[PDB]
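*Asks:* Dumping the structure here so I can ask a few things about it.
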Amino acid sequence: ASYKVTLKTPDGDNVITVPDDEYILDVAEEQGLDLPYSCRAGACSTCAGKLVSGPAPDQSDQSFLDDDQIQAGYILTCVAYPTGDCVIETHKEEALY
Ligand code: FES
């Protein structure tokens, strides 16, 4: 299955198609977007984004955000799979400090 993921970047909004078994960061980069990252292993906050609408992405592979933050919609985009059409704001790391 695939989903329409709207990424709202500081530069502009981009609607891309992401399959249910690929990570959002991976697919965004394939489409020419430049999103932040460092570890790419779910263990830091560099790739953080925030869910604006749509179902929550599958974060079973993330570990850095606290249960509280997954709670509130923060997403580690490097290890997040989409689970429905959704809109995510990227570059949100500063927001977690
Ligand atoms: S780049 Fe470290 S958690 Fe995604």
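Every chain in the structure tokens has a letter given in the order shown (A, B, ...), and although residue numbers restart at 1 in each chain, ligands are simply numbered from 1 in the order shown.
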Quick one: contact table of chain A to ligand 1, 9 Å max, nearest atom pair and distance in Å to one decimal per residue, counting only C-alpha atoms and all ligand atoms, chain and number order, as a Markdown table?
*Replies:*
| residue | atom | partner | partner_atom_place_in_ligand_line | distance |
| --- | --- | --- | --- | --- |
| A:25 | CA | ligand 1 | 4 (Fe) | 8.6 |
| A:36 | CA | ligand 1 | 1 (S) | 7.1 |
| A:37 | CA | ligand 1 | 1 (S) | 3.9 |
| A:38 | CA | ligand 1 | 1 (S) | 4.2 |
| A:39 | CA | ligand 1 | 2 (Fe) | 4.0 |
| A:40 | CA | ligand 1 | 1 (S) | 3.9 |
| A:41 | CA | ligand 1 | 3 (S) | 5.3 |
| A:42 | CA | ligand 1 | 3 (S) | 3.3 |
| A:43 | CA | ligand 1 | 3 (S) | 4.3 |
| A:44 | CA | ligand 1 | 2 (Fe) | 3.9 |
| A:45 | CA | ligand 1 | 3 (S) | 5.1 |
| A:46 | CA | ligand 1 | 1 (S) | 4.9 |
| A:47 | CA | ligand 1 | 4 (Fe) | 4.4 |
| A:48 | CA | ligand 1 | 4 (Fe) | 6.7 |
| A:62 | CA | ligand 1 | 3 (S) | 7.0 |
| A:63 | CA | ligand 1 | 3 (S) | 7.9 |
| A:64 | CA | ligand 1 | 3 (S) | 6.7 |
| A:65 | CA | ligand 1 | 3 (S) | 8.5 |
| A:75 | CA | ligand 1 | 4 (Fe) | 8.8 |
| A:76 | CA | ligand 1 | 4 (Fe) | 5.1 |
| A:77 | CA | ligand 1 | 4 (Fe) | 5.9 |
| A:78 | CA | ligand 1 | 4 (Fe) | 4.4 |
| A:79 | CA | ligand 1 | 4 (Fe) | 6.5 |
| A:80 | CA | ligand 1 | 4 (Fe) | 8.9 |
*Asks:* List as a PyMOL selection string the protein and nucleic acid residues near residue A:81, meaning an atom at most 9 Å away when only C-alpha atoms are counted, but skip any in the same chain fewer than 2 places from it.
*Replies:* chain A and resi 18-24+57-59+77-79+83
*Asks:* Pick out each residue of chain A that DSSP on the backbone tags as alpha helix (DSSP H); I need them as a ChimeraX atom specification.
*Replies:* /A:24-30,67-71
*Asks:* Put those residues in a file: N, CA, C and O atoms, as a short mmCIF file (atom, residue, chain, number, x, y, z; two decimals), in the first residue's frame.
*Replies:*
data_model
loop_
_atom_site.label_atom_id
_atom_site.label_comp_id
_atom_site.auth_asym_id
_atom_site.auth_seq_id
_atom_site.Cartn_x
_atom_site.Cartn_y
_atom_site.Cartn_z
N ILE A 24 10.09 7.15 5.87
CA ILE A 24 9.79 8.40 5.29
C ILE A 24 11.02 9.20 4.85
O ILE A 24 10.96 9.78 3.76
N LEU A 25 12.08 9.19 5.68
CA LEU A 25 13.26 9.98 5.28
C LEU A 25 13.83 9.40 3.95
O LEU A 25 14.21 10.19 3.04
N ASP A 26 13.92 8.05 3.92
CA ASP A 26 14.53 7.38 2.74
C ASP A 26 13.82 7.79 1.48
O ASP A 26 14.43 8.19 0.47
N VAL A 27 12.48 7.72 1.49
CA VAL A 27 11.72 8.04 0.33
C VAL A 27 11.74 9.49 0.01
O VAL A 27 11.80 9.94 -1.15
N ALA A 28 11.77 10.37 1.04
CA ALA A 28 11.90 11.76 0.72
C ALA A 28 13.23 12.17 -0.04
O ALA A 28 13.23 13.03 -0.91
N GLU A 29 14.28 11.56 0.44
CA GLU A 29 15.59 11.83 -0.18
C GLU A 29 15.56 11.33 -1.67
O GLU A 29 16.18 11.99 -2.52
N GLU A 30 14.94 10.17 -1.94
CA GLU A 30 14.82 9.60 -3.30
C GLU A 30 14.10 10.64 -4.15
O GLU A 30 14.29 10.71 -5.35
N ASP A 67 8.06 8.22 25.56
CA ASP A 67 6.68 7.81 25.37
C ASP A 67 5.77 9.03 25.31
O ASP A 67 4.77 9.04 24.56
N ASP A 68 6.16 10.03 26.09
CA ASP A 68 5.44 11.29 26.21
C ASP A 68 5.49 12.00 24.89
O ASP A 68 4.52 12.56 24.47
N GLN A 69 6.67 12.01 24.27
CA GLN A 69 6.81 12.73 23.01
C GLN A 69 6.13 12.02 21.85
O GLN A 69 5.59 12.71 20.93
N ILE A 70 6.08 10.67 21.86
CA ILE A 70 5.47 9.95 20.76
C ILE A 70 4.04 10.33 20.89
O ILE A 70 3.33 10.60 19.94
N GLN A 71 3.67 10.47 22.15
CA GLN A 71 2.38 10.89 22.59
C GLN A 71 1.81 12.10 21.84
O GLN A 71 0.74 12.11 21.22
#
*Asks:* Mind checking DSSP for chain A and telling me the strand (DSSP E or B) residues as an MDAnalysis selection string?
*Replies:* chainID A and resid 2:8 13:19 48:53 58 74:76 81 86:89
*Asks:* Quick one: everything within 9 Å of residue A:14, counting only C-alpha atoms, minus sequence neighbours fewer than 6 positions away in the same chain. Send it as a PyMOL selection string.
*Replies:* chain A and resi 5-8+33
*Asks:* What is the distance, in Å and to one decimal place, between atom CA of residue A:84 and atom CA of residue A:32?
*Replies:*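 That distance, rounded to one decimal, is 21.8 Å.
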*Asks:* Residues within 8 Å of residue A:49, please, as a PyMOL selection string. Count only C-alpha atoms; anything in the same chain fewer than 6 positions from it doesn't count.
*Replies:* chain A and resi 74-77+88-93
